[PDB]
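Note sheet for the following structure.
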2 protein chains.
Amino acid sequence: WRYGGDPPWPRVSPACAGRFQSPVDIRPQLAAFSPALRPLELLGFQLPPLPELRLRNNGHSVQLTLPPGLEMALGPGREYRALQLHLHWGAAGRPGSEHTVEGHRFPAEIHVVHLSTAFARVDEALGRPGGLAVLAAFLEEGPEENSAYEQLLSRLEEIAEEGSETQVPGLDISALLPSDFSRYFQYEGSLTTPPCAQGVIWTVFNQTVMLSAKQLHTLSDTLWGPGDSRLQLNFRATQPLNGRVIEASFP
Amino acid sequence: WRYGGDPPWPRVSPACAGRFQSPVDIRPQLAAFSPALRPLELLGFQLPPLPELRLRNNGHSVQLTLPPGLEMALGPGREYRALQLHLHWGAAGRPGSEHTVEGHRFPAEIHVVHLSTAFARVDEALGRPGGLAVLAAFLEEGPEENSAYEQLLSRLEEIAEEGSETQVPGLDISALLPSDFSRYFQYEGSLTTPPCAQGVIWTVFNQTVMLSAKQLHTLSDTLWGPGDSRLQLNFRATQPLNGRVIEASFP
Ligand SMILES: NS(=O)(=O)c1cc(C(=O)NCCCO)c(Sc2ccccc2)cc1Cl
Ligand SMILES: NS(=O)(=O)c1cc(C(=O)NCCCO)c(Sc2ccccc2)cc1Cl
Ligand SMILES: NS(=O)(=O)c1cc(C(=O)NCCCO)c(Sc2ccccc2)cc1Cl
Ligand SMILES: [Zn+2]
Ligand SMILES: [Zn+2]
């Protein structure tokens with residue numbers, strides 16, 4: 001499968017034609033305020049430099065594979081382990097976030113993919129209710145260099161080639177997310193890539209994270225993808241809610 | 001294992017000592033109104049007179065085996081199939097509901113146990129979030145003989161002895177439940193019997209159903225359990241919420 005065109009994703013995986021897909025357009029004035037939604041809690045996300053982490057250009061994104069021991073709770077009894085993080089972005093003068101807010105597409109988006117502690121593997125959790133949880137944050141252009149993201153963006157040149165990987169030092173993975181873990185949207189959806197399996201709990205932060213204009217150009221302008229094309233515009237079209245309600249942790 | 005005695009349930013099943021157990025005490029005061037909670041959808045519950053259904057005294061309860069085709073949804077793409085129903089009740093002058101409201105125990109409680117249709121088998125669903133869902137309603141004393149419950153209560157005689165069973169004509173299962181499918185409490189917990197697996201979505205109807213004083217007497221005074229003892233007070237003590245917030249489908 002590719003961004004850009006064929007083969008149609010439903011030919012790759014039937015679930016890509018499911019009723020309840022991601023990403024979606026968030027209309028905050030339409031979200032349901034759900035006081036049950038408590039602040040997210042993260043344990044083990046402040047990694048030491050060793051062991052190193054694998055950073056791979058898989059031709060679809062840049063993916064940082066995370067080690068065991070990164071724990072995330074959506075709430076009491078809603079426990080997950082971090083697997084990996086990756087990014088979605090656009091191209092020069094073209095934003096590339098997957099989620100939109102009132103139709104606004106942000107420059108880029110980070111996903112941290114988590115597996116429920118009730119499942120040993122991703123393939124057993126696919127299509128199961130709450131089997132996977134994704135933490136998603138918008139990346140916006142700011143005046144300051146982001147020193148957290150620089151640790152990864154300074155390595156993109158080494159993995160310019162599709163199917164390339166390098167080893168990078170451990171870093172504070174939580175420093176790639178917003179500081180406010182109390183204000184977020186939550187809804188049930190799918191993988192945004194084949195096989196597009198449903199039952200994913202999506203948490204989208206209210207607060208965005210700021211990268212510099214040059215950091216965002218590095219992200220969109222360094223990696224190469226399938227055929228002989230730049231890895232850019234690696235985002236899926238917004239999918240209809242089809243009756244799903246988006247919840248908000250805040251009034 | 002048995003009710004009020006030995007062995008200690010955590011000796012039979014350590015899962016009984018989990019932190020997110022059922023049943024719980026509901027404080028409607030402290031429940032979070034979640035506007036996303038839609039009316040319950042129950043299709044295929046109006047069974048024809050034949051085939052007949054197995055009703056069994058298993059020594060812990062009276063359990064009705066439900067046939068294939070009873071489909072239930074808690075929300076978009078969150079679908080279930082009904083397996084069985086059973087009851088919890090007290091004794092002469094003593095209430096025996098499992099759930100309580102502001103400390104009040106109701107005479108009795110009905111449980112309709114469902115399997116997520118994301119799982120081909122019950123054994124895959126046990127311990128997985130949302131694998132099982134129970135619809136719970138409190139039974140109260142009314143002035144009128146309940147027609148629905150009469151079909152089951154009139155047959156308790158035939159199965160008074162622990163382990164005995166009888167075939168009963170098909171009935172409308174939906175008629176055992178309360179009037180308003182839009183008004184309920186929901187939280188995540190456990191089986192209330194060993195092995196006390198967690199991941200169970202509990203939906204407790206705001207509204208009660210009414211049985212005659214006589215009907216409640218028949219329920220609590222016809223069945224015999226383990227040893228030579230009456231099958232009575234077959235409920236578990238309420239369990240701490242341990243940070244879980246009970247949600248309400250209604251303001
Ligand atoms: N790169 S990943 O997004 O992080 C990831 C993680 C796991 C995984 O299940 N287990 C590790 C977690 C243990 O805590 C698997 S499973 C699998 C499925 C189909 C085919 C082959 C393997 C696949 C992926 Cl793509
Ligand atoms: N965008 S998402 O909904 O958050 C997402 C993306 C990927 C994913 O890594 N896709 C490839 C592009 C990024 O590396 C995976 S896991 C995986 C699946 C298929 C193929 C390989 C891995 C899981 C999720 Cl929930
Ligand atoms: N009280 S309850 O939380 O609703 C409950 C009770 C029983 C049960 O039958 N216990 C014995 C007394 C009643 O017949 C089961 S049975 C079962 C089904 C699938 C998987 C495992 C067990 C499941 C549940 Cl959720
Ligand atoms: Zn993604
Ligand atoms: Zn029960």
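Residue numbering restarts at 1 for every chain, and letters A, B, ... go by the order of the sequence lines.
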CZ of B/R38: more than 12 outside heavy atoms within 6.0 angstrom? yes
A/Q207 atom CD: more than 12 heavy-atom contacts under 6.0 Å: yes
Which bit of [X] is near chain A, if near means a heavy-atom gap under 4.5 Å: side chain, backbone, both or neither?
X      : value
B/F20  : side chain
B/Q198 : neither
B/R78  : side chain

For the candidates B/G199, B/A31, B/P129, which exhibits the highest count of non-hydrogen atom pairs separated by less than 4.5 Å from chain A? B/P129
What distance do A/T117 atom OG1 and B/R128 atom CZ have between them, rounded to the nearest 0.5 Å? 10.5 Å
Below 4.5 Å from any heavy atom of chain B, which atoms of A/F33 appear? Answer side chain, backbone, both or neither. backbone
Any donor-acceptor pair under 3.5 Å from A/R244 side chain to B/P76 backbone: no
Minimum heavy-atom distance between A/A36 and B/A32, given as atom pair plus value: N-CB, 3.7 Å
